[PDB]
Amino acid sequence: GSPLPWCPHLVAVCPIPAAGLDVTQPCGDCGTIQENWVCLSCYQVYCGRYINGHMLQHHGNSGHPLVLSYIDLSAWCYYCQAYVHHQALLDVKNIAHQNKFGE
């Protein structure tokens, strides 16, 4: 489609845990190491919809809106049904990028 420069769910993006991110963390439900996302509200890690859809499940059972892909570090908002680019996402995207690419 077309990514958004903002969305009304950015307010749900929470502080990154001091433990940091582990981009190789497995899905908290199924333990897959593939195509995981991290929830930008509670930082639980769950798999994408092309694996077992545990992140989508987490959205449904928590309402948490925004998730970050450990594949390509894009942010998707489940409510807006769009990718979102915004300043509020840069820190988490960068901590993820550093952990991922060994920076």
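The first residue of the shown sequence is 1; numbering continues from there.
**Student:** Would 92-100 or 1-9 have the larger average of its C-alpha temperature factors, as given in the entry?
**Tutor:** Comparing 92-100 with 1-9, the higher average CA B-factor belongs to 1-9.
**Student:** By the entry's C-alpha temperature factors, tell me which of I33, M55, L68, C77 sits highest.
**Tutor:** Checking the PDB record, the top C-alpha B-factor among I33, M55, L68, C77 is at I33.
**Student:** Against its chain's modelled residues, does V38's Cα B factor rank lowest, middle or highest third?
**Tutor:** CA B-factor rank for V38: lowest third.
**Student:** Quick one: classify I51 as lowest, middle or highest third of the chain based on its Cα B-factor.
**Tutor:** Within its chain, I51 is a middle-third residue by C-alpha B-factor, going by the deposited values.
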